Structures are given as C-alpha cells and as structure tokens.
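> Just the starting chains for now, same placement as in the complex:
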Amino acid sequence: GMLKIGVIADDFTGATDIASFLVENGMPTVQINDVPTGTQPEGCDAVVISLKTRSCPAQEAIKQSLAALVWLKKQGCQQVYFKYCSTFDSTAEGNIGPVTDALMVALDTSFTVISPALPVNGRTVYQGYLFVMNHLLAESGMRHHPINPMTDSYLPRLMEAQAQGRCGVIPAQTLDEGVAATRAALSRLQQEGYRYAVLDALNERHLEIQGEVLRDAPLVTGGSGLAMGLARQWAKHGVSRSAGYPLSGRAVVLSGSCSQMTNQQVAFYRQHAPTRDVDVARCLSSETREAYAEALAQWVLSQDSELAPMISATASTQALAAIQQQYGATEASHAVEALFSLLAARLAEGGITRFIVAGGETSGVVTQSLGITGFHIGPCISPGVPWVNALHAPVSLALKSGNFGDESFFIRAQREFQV
C-alpha cells in the first residue's frame, strides 16, 4: 500500500489534530499510538504515529522518534513529517531541535523547514516571529506555561538554542511572490549554509503555497497547518474519511474531565439522557471497584433511551472545592480512572460499540482498557475531535480533551452521525 506522508507527532492530542486535518483535506489516515509493531494498516495514505516525546529527556525523544522512522521507512514512506506544537513548545534542552537533527541525519538530508503556523487557531508567523492571536508568543499566555514557558518569540533563536545548525526565514512577502520565488529563496538559504528555514504564514493561502513548494521534501516539520497544505496538493487530482465513520450499535458517554467546558457539557447532556454520577466512596478499593464497575455497566446496558447513558465523574471532580471553597476543580483521581478502566472493558463485552469520552487521562485509560492501539480517523464532531474506529476491535471512539467542544458536544456526537 502507498504511504505518502508519515507523521511523527510529539503528543496525542496533536497527533489526532494533524490526522484530522489530513482527513478533512482528502487523505485517509490511521493514527497509531506508540511505535508501531505491526504492518502498514489498510485503508489509508497517511499514518500518524503518536509518541510522548514533547517533554521527556531528549535522548528518549530521539530514540522513540528514530524507532518510528525505522518503521515508516520499512513501510515505504515517501515523506516524513515531524509534528510538534504550534506554539513551539520546547525548552533549550529540546525536544524539537534534538529530534529534528536526528531525523535529518537518519534521512541523510541537510536542510529542512520549520512551519508552526495554524492561522485558523490564531497562530501566525511573520519574519520568523511567532504570534499567538494578536500578540507575540512571549507576550501571550505561553509566557508562563507550566512546563515550557516561552519568553522569546523569534523562532530561529528558539531553534538555534536547541539545535546544532543555523536557522533562516522565508518571509510572507516571498510566499506572496509564489512558488518559484519561494523555492529560489529556499535554495539560497541552503547554499548559504542554513540547516533549517522557518516559513511564514498569516493565512491559509500561505500554507497552500508551502504545501505546493514542499510536496517532495523528504522531511518537513511544523504543526498541523503545513499538513493541510500538503494534503491539498494531493487533493488536487481527486479525493473521496469513510473508514472512521462510526459503527452501528449502542453508545455510552464516559466523562472524567474536571474542566469548565466538560462541566457545561455534562450539565447540558444530563437533561436529555439517563445519567449516573460516579461515587468515590465506592472506588476506594479493588473489590469495591470491581463490583461497582459491574453494577454501572449493568446499569448502562439495561437503559433504554434514545441517547446514550452517561457516567460522569465531574461531580466528584468538584469535591475538594465543595468543602474548602478557596480551591476549584481537582482532576479525576487515580481511583476513578481505575473504575473507568474496568467499566469500559465490561461495556465493550456487553456490546457497547461507541464510546464518547471526555478527558485526556480518561481517553487514555479507556483506550488502553479496550486494548486499542490505533485507529482510522473519521469526521469531525468539533475541531480537534473526530470520530475514530479501532483497527482491531469493532469499536468507535470520540475522545475529547479538557476544553474542546461546545455545550452540546455529547448530543452532536450522536445526532449528527447516524447509520
């Protein structure tokens, strides 16, 4: 099977964000979590491999990324795409520079591009400086980011602190001159000895131009924006997602997130569907968890309503705050995640087929519990949140993180996607 783009992505939410852009722009795509062990899946032109390499030590990030590349090369991958965060989340110790230089050496290439922009979400790049909304990176929220605070907005400096070579810039104005101009400026940087080139983008046309220039680059790096541009080059001779359209069968909402938006979604949905709040006093041990998971699964399965029953832990998420009101939310405890783990397996055994899950940890535990390793990426319910179909279990997932989605997410997930 032909594998056109192989994405190595530094996290899970962004793996699925880029995969969704490829599918929305005509390229069928499977996401596999962790370095793949199998064989290229059927039914896709892109594979997005998801790693946990954004913040771990550089060496672990290099090793995981090279393992991913060995696999992609084995499947005949035509282009490799290193996907990192749109706000260039890294420190002077990595992991964008160290992984990029490693991939370049493994692919025996001397020049690559860096393209973080995603204008539709307010990330733009001008003269090489990254903007979050209407302000420079370093004058935005990112400035006090908990893990990787970003106190400089100039991408070539951010890159050079972290990487071995010199980094150049292709400004918006060159892109505006077009393909020939942009390709000339790229060559010129390379003749001058730059290893890397940051690429400007203020709007989706700029990304389309980059896509057109870089159709055949062996390696390319960036956020999701450039992928969109590359996808539309392949869309250009014809398209027609299907493979990740959700399956038939009963659905369940499993909510573990503590967030403002998840709270709104649970408050809304619970007026429309039978729901049940996870009691923490029944999760405090194994035996109790095991029995409670059974009871809750039997509860879900014995419902008979149009919309999917909900099991929400978001009330429990609000308990520290209920007593000392100086605190707010606290994220779902290990004991509640352990419960969701057991619950998901049993729901699957009892024939639940569609799982609408709120929370990044909860999505993780549900996926790992059903033993799902990868999936076909389907249509969007909301930006960043597509329906997905497991590769080797007949199960469909819609995994939502933190504050993604709108109020009616849990309804739309169902109502706008029937058969």
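Nice, thanks for sending it over. Numbers count the residues shown, from 1 in each chain, chains lettered A, B, ... in the order given.

> Just checking: what are the partner strands of the top strand by length along chain A?
The residue-count maximum for a strand in chain A (DSSP state E) belongs to strand A:374-382. Pairing partners of strand A:374-382, with direction, according to DSSP bridges: strand A:29-33 (antiparallel), strand A:385-390 (antiparallel).

> As CSV, these with distance to residue A:241 would be great.
Every residue, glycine included, has its C-beta placed from N, CA and C. Formatted as CSV, these follow (distance: least, CB to CB, whole Å):
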stretch, distance to residue A:241
strand A:29-33, 9
strand A:385-390, 9
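
> In TSV, list those strands along with mean neighbour count and distance to residue A:95.
Listed next are those as TSV, based on neighbours: other CB atoms under 10 Å; distance: least, CB to CB, whole Å:
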stretch	mean neighbour count	distance to residue A:95
strand A:29-33	25	18
strand A:385-390	24	25
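
> Residue A:136: which of those strands is closest?
Nearest to residue A:136 among the strands paired with strand A:374-382 is strand A:385-390 (28.9 Å), distances taken as CB to CB.

> Give me the helices and strands touching the helix or strand following that closest one, please.
Following strand A:385-390 in sequence order, the next helix or strand is strand A:396-400 (DSSP states H and E). Applying 3 or more CB pairs under 8 Å, 6 or more residues apart in numbering; DSSP states H and E, we find strand A:396-400 packed against strand A:354-358, helix A:360-369, strand A:374-382, strand A:385-390.

> And the ones you listed: which comes nearest residue A:63?
Going by CB to CB, the one of the helices and strands packed on strand A:396-400 nearest residue A:63 is strand A:374-382, 20.4 Å.

> Flag every buried residue along that closest one.
By neighbour count with 16 or more other CB atoms under 10 Å, strand A:374-382 contains the buried residues A:374, A:375, A:376, A:377, A:378, A:379, A:380, A:381.

> And those, which is closest to residue A:185?
Checking the buried residues of strand A:374-382 against residue A:185 with CB to CB, the nearest one is residue A:377 at 33.9 Å.

> Would you quantify the distance from the nearest residue to the closest one once chain neighbours are set aside to residue A:227?
Leaving aside its chain neighbours, residue A:377 sits nearest to residue A:19 (4.3 Å; criterion: CB to CB, 6 or more residues apart in numbering). Separation of residue A:19 from residue A:227 (CB to CB, to the nearest Å): 9 Å.

> Find residues that contact each of these two.
Shared contacts of residue A:19 and residue A:227 (CB atoms under 8 Å, 6 or more residues apart in numbering): residue A:7.

> Output stretch A:295-308 as PDB, restricted to C-alpha atoms.
Provided in PDB are the C-alpha atoms of stretch A:295-308 (Å, rounded to 0.1, in the frame of the first residue of the first chain):
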ATOM      1  CA  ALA A 295     -23.100  -2.500  38.600                       C
ATOM      2  CA  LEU A 296     -22.600   0.600  36.500                       C
ATOM      3  CA  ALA A 297     -22.200  -1.500  33.300                       C
ATOM      4  CA  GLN A 298     -25.400  -3.400  34.000                       C
ATOM      5  CA  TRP A 299     -27.000  -0.100  34.700                       C
ATOM      6  CA  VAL A 300     -25.900   1.400  31.300                       C
ATOM      7  CA  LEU A 301     -26.800  -1.800  29.400                       C
ATOM      8  CA  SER A 302     -30.200  -2.000  31.000                       C
ATOM      9  CA  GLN A 303     -31.200   1.600  30.000                       C
ATOM     10  CA  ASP A 304     -33.500   2.100  27.100                       C
ATOM     11  CA  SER A 305     -33.400   5.700  25.900                       C
ATOM     12  CA  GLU A 306     -32.800   7.300  22.600                       C
ATOM     13  CA  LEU A 307     -29.500   9.000  23.500                       C
ATOM     14  CA  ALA A 308     -26.500   7.300  25.200                       C
END
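
> now the sequence for chain B, which goes on the structure above:
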Amino acid sequence: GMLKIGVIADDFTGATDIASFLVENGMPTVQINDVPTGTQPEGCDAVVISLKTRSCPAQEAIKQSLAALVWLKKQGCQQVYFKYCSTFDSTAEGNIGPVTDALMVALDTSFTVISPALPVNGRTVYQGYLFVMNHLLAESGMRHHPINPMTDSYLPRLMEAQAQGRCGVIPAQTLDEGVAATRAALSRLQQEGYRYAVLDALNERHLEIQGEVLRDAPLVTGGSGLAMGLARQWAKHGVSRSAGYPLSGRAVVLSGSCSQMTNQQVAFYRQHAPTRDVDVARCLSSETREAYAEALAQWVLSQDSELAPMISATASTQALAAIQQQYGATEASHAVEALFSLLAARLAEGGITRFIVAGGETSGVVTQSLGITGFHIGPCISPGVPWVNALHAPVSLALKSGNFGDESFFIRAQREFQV
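Once chain B is put in with the chains from before, the structure reads:
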C-alpha cells in the same frame, strides 16, 4: 479594654471565618494580620490574630504562635483559642500538635480540647471520627488534598501522631446528657492522664453545650464551630458589628481570581456596571505597569454610574486555556498582581473608599498595598465574607476567596449595605 477571647488562627481565610462567627453571635472583633505590633485596638471584645502557620515548618509555627500569645497576654486576654482548619489540615509533622503543646506549656495548662466540627458546613464529629458531609474524612475529597492529604479519620490518632500526649473523646451522647455530665467526663479524662480531648458535634446545639462547658477554659482549640458556642455564652446577658459596617464613598470591584464562581460573578456584574479587562500585554514591565495603573485608576475615577466599576483580570486568567484547550484556568500572574498593587494605592489616593476584591492573592496584595494591618469585622455579605473596616486608613474591604459567594455577590456587597 477587656479582651475575652484571643484567637490564634493558622491562616487568613479561617481567621476571618472565625471572626465573622464571633461578630454574628454578638462579640465585636478585630482581626490583625501577623503578630501584632501595636496595642489592643479599641472597639472589640475578641481579637483574631492571623498567621501563615498551617503548612510552614513546625518551628516557625511554634515561634509565630508564641509571639502571638505573648502579645495577647500583654493585653490581658482571658481565653486563648487556637483556630485551625475544620478538616484538621495537618500532617504527622504538624502543625496542630506542635503548636497546641507549645501553647499549653506557655499557659502552664495540662489538658485542652480539640473541637473541629462546623455542622452548618458539613463537618461533624462522632466518637472522635471526623466526617465531611456524608463520609469519613479519609473517604472524602480531603483524601488527595494537594498539601495535606488526610488518609485517617480518627482525630485522636491524627493528633497523637503529631503531638506528645494521649488524646481522649467526649461522645455526642455525653453532650446530650448535658453540662454536668460533660464536665464530669472531661475531669475524668484528665485524671486518667489524657492531655487532650476531642469533642463530638453533630449539630449546633452540641456546640452550644461545649461553649457552655468551656466558658472559662484557659485554652481551647478547634475550628469556627466552638467559637460560635463560646460567643453565645457571652451573648446570654445581652449584645448590640457596627464598627465594621462599611463607610461612605465610592466603591470599586477588583477581580483577580480565576475560579468558576468568580467567573460567574464577573460575567454577571459586567452587565450592570462599567468594566474593564486587564490587558496582560500592558503589565509586562514596571514602566508599563505604572502608566497602566494610572490610566486604569483615572478610568475608574472618571466613571459615573450607580454601581462600582470593575477591573477584572479573569479574562487574562483564561488565556493559556484559549490557545491549548486541554488546559483550563491558570491563576493571576505575578505581573497582574503587581498591577493590582499599584492600582489599589492610586484608587485610595483618589478617594475610592470601598474595595470589593475577588481572589486570595489579590486580597493580599490589595491589603498590603493600602498598608492595612488589621480591621474591624462587620456584617456578612455571604458566608465567610464580611465587610471589614481598616483600623488606620478610612477604607472598607470585602475580600472574597476563590469559590465563596453567589452569582450576584458584587451587587449584593453594594445594594444590601447602603449608608
């Protein structure tokens, strides 16, 4: 002046919670922050000294607490009350046990009570076990508390791990037999060699009985519930707060909290009063902060509306979340707090007289900025949140933490308190 109860409180929000219960039950009360340096203030029968001794090292907690006691004794304090948290927030290293034993030695006393209950907020104690709502401490949210996770609910064990002596229990049923019975059981514990006695309470009557039994104990320890009971003993021959009724003059709402409820309060209030959102890109340096504080003060002062203008930082509090939607709130940055600091001083210089402040850090910085050291505790706006009047500046404050209050707090603060 007669000083009946001297409270040494291990934090700020609880200092003001206990002070409010004394005032609501007839005992005029000043709160002083940090060990007092002055002379007993006029116009009160209780003084609540607020320390930051809940989580610091035991030795710092002992030293601060003894300094507080030296002062209270100098003013002729008749009873000392060690106020800690109702959920007994501590670890095996302190600070409840170490401070209690120290106070006992300084007061040359051999027996004291421990009374955490506050039933109206769902803290009850039965047979010495602490309950948060309908569950034991250790099966409630407190179990994974960030600073002091509580994995045992039996107060005498919690106390003994932390303290030098043996700890007994007076059960609800004895309280139900009354004063004579309760006082007999207390003596009996003491003859048996216990240093301390935990006291049950399921309801406010139990607290009233304790208050009646312990009117003349030299030292007493607990949360706010027992204070209520002691206050009503002194209420018994007549009462009639006034001193902390808010002053005349223009008001301002200063909102720094990132919380769910603060968000609701800001969203609500901003439809009723002129408001202005703090722009973080104008707080990133001194000079900019200084000028921005000026501009914002001039803005507030030049308004002309019935209700107080608001300066809210809660939009800025939501910026990390706006970009990577996996995150939620982030608490107000140092640069925003630095701004509020300058802003408060200028508002005071320009004649603002009433400050309605949302956020614990923000309350801190506003208070420190106006150089307020203590205040007369006035009436409640909401539970835990009274109007307060500075002792040495003609300024009135209503300081609200995190998720205290209801939706209309910022209106009620003004509308239910006129002259």
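
> Is chain B within reach of the longest strand of chain A?
No. Strand A:374-382 does not reach chain B (CB under 8 Å from any CB of the partner chain); its nearest approach is 10.1 Å.

> Can you tell me the SS state at whatever residue of the stretch 251-400 of chain A ends up closest to chain B?
Relative to chain B, the nearest point of the stretch 251-400 of chain A is residue A:319 (3.5 Å; CB to the nearest CB). Secondary structure state of residue A:319, per DSSP: H, G, I helix; E, B strand; the rest coil, is helix.

> For it, list the residues it contacts.
Shown in contact with residue A:319 (CB atoms under 8 Å, 6 or more residues apart in numbering or on different chains): A:280, A:330, B:140, B:141.

> burial measure for the third one, as a count.
The reference is to residue B:140. By other CB atoms under 10 Å in any protein chain shown, 25 other residues sit near residue B:140.

> just checking, it touches residue A:322?
No. Counting by CB atoms under 8 Å, residue B:140 does not reach residue A:322; the two are 9.2 Å apart.

> anything in contact with each of those two?
In terms of CB under 8 Å, 6+ apart, residue B:140 and residue A:322 are both contacted by the residues residue B:133.

> Angles on the backbone of the residue in the stretch 101-250 of chain A that chain B sits nearest to, please.
Nearest residue of the stretch 101-250 of chain A to chain B: residue A:141, at 3.5 Å (CB to the nearest CB). Residue A:141 has phi and psi values of phi -50, psi -40 when expressed as degrees, to the nearest 10.

> Which residue, other than its chain neighbours, is closest to it?
Take residue A:141 and drop its neighbours on the chain: the residue closest to it by CB to CB, 6 or more residues apart in numbering or on different chains is residue B:319, 3.5 Å away.

> What's the separation between that neighbour and residue A:182?
According to CB to CB, residue B:319 and residue A:182 sit 33 Å apart.

> all helices of chain A, in order?
With DSSP state H as the criterion, chain A has helices at A:12-24, A:58-74, A:96-106, A:155-160, A:172-177, A:179-191, A:204-214, A:224-235, A:260-269, A:286-302, A:319-323, A:334-349, A:360-369, A:409-415.

> what number of residues lie near residue A:78?
Residue A:78 has 14 neighbouring residues, counting by other CB under 10 Å.

> out of everything not next to it in sequence, what's closest to it?
Nearest one to residue A:78, counting by CB to CB, 6+ apart, is residue A:4 at 5.2 Å.

> Count the neighbours of the one you found for me.
Counted with other CB under 10 Å, residues neighbouring residue A:4 total 19.

> so it sits right up against residue A:45, yeah?
Yes. Residue A:4 is in contact with residue A:45 according to CB under 8 Å; the separation is 4.9 Å.
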